[PDB]
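Asks: Just passing along the structure, written as C-alpha cells.
Please treat every number below as a calculation from the coordinates, not as lab data. In this analysis, Cβ positions are derived from the backbone assuming ideal geometry, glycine residues included, and neighbour counts consider all displayed protein chains.
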Amino acid sequence: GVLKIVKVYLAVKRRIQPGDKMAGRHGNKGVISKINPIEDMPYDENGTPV
Amino acid sequence: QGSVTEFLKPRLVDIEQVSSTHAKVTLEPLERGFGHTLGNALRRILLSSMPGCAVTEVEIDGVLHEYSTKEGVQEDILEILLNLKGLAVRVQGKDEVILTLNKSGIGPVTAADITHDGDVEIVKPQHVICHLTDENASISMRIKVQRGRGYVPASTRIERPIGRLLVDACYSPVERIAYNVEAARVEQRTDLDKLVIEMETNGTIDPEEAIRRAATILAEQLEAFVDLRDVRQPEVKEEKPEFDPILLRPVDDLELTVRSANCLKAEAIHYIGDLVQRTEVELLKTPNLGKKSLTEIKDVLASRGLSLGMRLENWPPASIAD
Amino acid sequence: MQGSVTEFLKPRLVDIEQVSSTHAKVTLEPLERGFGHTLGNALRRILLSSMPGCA
Amino acid sequence: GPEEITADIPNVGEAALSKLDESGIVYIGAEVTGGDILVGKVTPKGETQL
Amino acid sequence: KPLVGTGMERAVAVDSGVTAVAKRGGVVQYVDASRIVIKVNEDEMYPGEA
Amino acid sequence: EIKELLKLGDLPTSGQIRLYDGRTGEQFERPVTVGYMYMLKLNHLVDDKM
C-alpha cells in the first residue's frame, strides 16, 4: 500500500555547549559549566589569554 | 586640604614606530603607583570596547548553501569562506559598503583582485581567499563590510535565495593587550616609572589613537568628579512585559446585527484589530457602510477599552508564518 | 562625542547620603560588564595610599 | 484516496509553496526552524465532504 | 597530530584502510574535493579508450 | 635529558612563569605552570538530554 518513497537527511552542526564531557588520554575527565569571559582573564607578560 | 599640583603631569616625550602594525609609545611623568593602576584600568578597555570592521554577509555566485561545493575549487565551500574571517578592511565613514570580486584562471585569489573603492582601504592585499585549480573555473562574491561590536556567530544569524550562506565576524581590532613596568630615566629625580603599552592591532586602528582613546574612555568614566556641567539622567527604564490578548478576539464579541456582521467580514474584517487599524473617515467612502455602523461599534468598544485610532502589538496573532 | 564613537553610557554621581560627618554613601548605578572591577581598583589604590590628611 | 507529492498544491497558504518549487521536491541547503514542511503532502479527509 | 608520539600512529591508519591507496602508477587528471580520477597507461591514448 | 633541553626555549627552565592577575592586578604569589596538553572532546550522549 505504498506508491513511492522519499528520503530526506537531516545534518546538524552541533557546536560547543556547556553540558558535555572532556577527557584526553590520561583520564582527566571534566565538564564545562560556565564560560569565563576574556575581560576578567589574566595573562602572561607578552599578553596571552589562557 | 590643599590640592595644588602635588604630582607630575604625564606628557608624551617620545614615541617608537618599530613597525606599521606594532608600536611602543611611552609616557615619562609617572609616579610610583600610577604605573599599575592606570595599566589595569586599560587592559580590559580594549578587549571588547573597540569598534572595528569585519566581513559578515557574502553571496557567492554559484553556491546556494554551506553544503553545495563549488566546482574548480581545491578546498570545500566551508574552508574557502573561513578565509574571509581573516580578511580585514578599514572603512572611512560608512557602515554598509558592497564590494564585488571577479576573476578567472589559475592562481590564489588575492585581496588586491577585488574592486578598488575609494572609501575602501585594503589592509593586506596579499590575503588569500580561495585557490582555483581549474583554469576554466570562475569565482565571484559580494563581500560587504559592516561595523558591529566584535564577533558575530553564524549560528545566531542563519524562503528564497537572497543572502544565502553567511560567515562569522571579528570587528575587534586588537586581540591581546599587555603592560610592562620599567623604571623611567628622567633628568629631574629618581622615583619615576613609565607605562609603556604594547598593542597588536590587525591594521584597522593605529596604536597611537587606540591607546589614547582607551584612556579617554576612563576620563569620561570620571567626568562626574571633575565638576562638569553635565545634567543627564542615568537609567529611567520601566520594564513589565504585558499585552492585551482580548484584542485577539473576533468581532463576534461586541454583539452586532446581521447587517454589520456581513458588511465588515466582506471588507476583510474578521477580528476587532483589523477594524481599529483603519479610520472612520475612509470607511465612509465604501458604498456599503455608513456613520451609524461606525458609532455603534465605538459604543461597544467603550466597555472593552478600545477605540479607533490606536496602535497594536503582536498583530496579527498566530497565523501561517512562512 | 560628536562623531559617535562612544556608544556607551557613562556613570555619574547623583546623591550623597550624609549619615554622619565622616561616613557617607557613594552610589554608582550606571555600570557595565567589566567597568565594575575597573573603577573598583583604579581608586582602591588611591583611597588607601595617595591620601593627605593628618594625625 | 491515494495521495501524491507535487509542488502545485491547492493549499490556502504560501508557506508550503516557498520551499517546494522543484516539482514536488525542494532545493538543497537553506535555513528556518523546527515545525515546518519538508515534503508537500495532499491527503483529502472526510471524503471531500464538509 | 600530538606534539609527542611513539611512532605507532602511522601503522594504524594504514592497516585500518582509511586513506586511499593507489594500486598503479600514473599522473592525476582531476583533484576535486569530492571525486578524484587517475588515468593509467595500459591502453593507447584515446578519449574514450583507457 | 629533558632538563638539559629546557635550558634553551625562550627564557624559563622550570616551567613556572610569572602570572599577572587581570582582576586585582597584583601578581599571583608563586608562579604557575603553563604548557600544552593533549585533550579530547568526547561525544555528547543523548541519554542525558533534558
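Asks: Which residue, chosen from B:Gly163, B:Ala88, B:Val73, occupies the Cα position most advanced towards the positive end of the dipole of the stretch B:52-171, where the dipole is computed from +1 (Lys, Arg) and -1 (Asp, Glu) charges on Cβ about the Cα centre?
Replies: It is B:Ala88.
Asks: Also, I was wondering about something else. Enumerate by residue number the trypsin sites (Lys or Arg not before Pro) in chain E meeting two conditions: DSSP loop (anything except H, G, I, E, B), and at most 10 other Cβ atoms within 10 Å of the site's Cβ.
Replies: Those satisfying the criteria are E:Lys23, E:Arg24, E:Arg35.
Asks: In percent, what relative contact order does chain E have, based on Cα pairs under 8 Å that are 6 or more apart in sequence?
Replies: Contact order relative to length: 20 percent.
Asks: Based on alpha-carbon positions alone, could you give the equivalent ellipsoid semi-axes of the protein assembly as shown from the gyration tensor, as √(5λ), descending, whole Å?
Replies: Taking √(5λ) for each Cα gyration eigenvalue gives 54, 46, 25 Å.
Asks: Under the definition of Cα pairs under 8 Å and six or more residues apart, what whole-number percent is the relative contact order of chain D?
Replies: Across chain D, relative contact order equals 46 percent.
Asks: What is the set of long-range amide H partners of B:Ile197 at a cut-off below 5 Å, with H atoms built 1.01 Å from backbone N?
Replies: Answer set, sorted by chain and number: B:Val25.
Asks: So what are the ³J(HN,Hα) numbers for the stretch A:6-13, from phi and the Karplus equation (6.51, -1.76, 1.60; θ = phi - 60°), rounded to whole Hz, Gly and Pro as x?
Replies: Karplus-based 3J(HN,Hα) across the stretch A:6-13 equals 10, 9, 9, 5, 7, 6, 10, 8 Hz.
Asks: Compute the signed sum of charges (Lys and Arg +1, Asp and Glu -1) over the other residues within less than 12 Å, Cβ to Cβ, of B:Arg147.
Replies: +1
Asks: Calculate, for B:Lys298 and B:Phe243, the FRET efficiency according to 1/(1 + (r/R0)^6) with r their C-beta to C-beta distance and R0 35 Å; round to the nearest 0.05.
Replies: 0.95
Asks: Sort A:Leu3, F:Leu6 so that the residue with the fewest other Cβ atoms within 10 Å of its own Cβ comes first and the one with the most comes last.
Replies: Least to most surrounded, the residues fall as A:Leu3, F:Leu6.
Asks: For each pair in B:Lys144/B:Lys194; B:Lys9/C:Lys10; B:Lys237/B:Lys265, compute the distance between the two Cα atoms and list the pairs where it is over 30 Å.
Replies: Correct reply: B:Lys144/B:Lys194; B:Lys237/B:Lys265.
Asks: Just the number, please: Stokes-Einstein D of chain B in µm²/s, Kirkwood Rh from C-alpha pairs, 4 °C, 1.567 mPa s.
Replies: After rounding, the answer is 49 µm²/s.
Asks: Among B:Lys70, B:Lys298, B:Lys292, rank each residue by its count of other Cβ atoms within 10 Å, from fewest to most, as a rough exposure measure.
Replies: Neighbour counts put them in this order, fewest first: B:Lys292, B:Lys298, B:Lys70.
Asks: OK, next. Select from chain C those GluC sites (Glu not before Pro) which occupy a DSSP coil region and have at most 10 other Cβ atoms within 10 Å, ordered by residue number.
Replies: Here the GluC sites (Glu not before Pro) that fit, given the DSSP loop and packing criteria, are C:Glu7.
Asks: Oh, and also: Based on Cβ point charges of +1 for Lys and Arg and -1 for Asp and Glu, what charge dipole magnitude is obtained for the stretch B:27-85 about its Cα centre, in debye rounded to the nearest 20?
Replies: The calculation lands at about 620 debye.
Asks: Next up: Rg/Rh for chain A to two decimals, with Rh computed the Kirkwood way over all alpha-carbon pairs.
Replies: Using only Cα positions, Rg/Rh for chain A is 1.33.
Asks: Looking at chain D, which trypsin sites (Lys or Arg not before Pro) are in a loop (DSSP not H, G, I, E or B) and have at most 14 other Cβ atoms within 10 Å?
Replies: D:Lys41, D:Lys45
Asks: Neighbour counts of other C-beta atoms within 10 Å: give me B:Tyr67, F:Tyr38, E:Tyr46 arranged from fewest to most.
Replies: Taking fewest neighbouring Cβ atoms as first place, the list is E:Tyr46, F:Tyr38, B:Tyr67.
Asks: I've got another one for you. Roughly how big is the stretch B:52-171's charge dipole about its Cα centre, with Cβ charges of +1 (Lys, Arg) and -1 (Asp, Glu), in debye to the nearest 20?
Replies: Using only the charged Cβ atoms, the result is roughly 440 debye.
Asks: For a quick check: with amide H placed at 1.01 Å from N, whose amide H comes under 5 Å from D:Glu4's, ignoring anything fewer than 5 positions away on the same chain?
Replies: Placed amide hydrogens put D:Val42 under 5 Å from D:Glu4.
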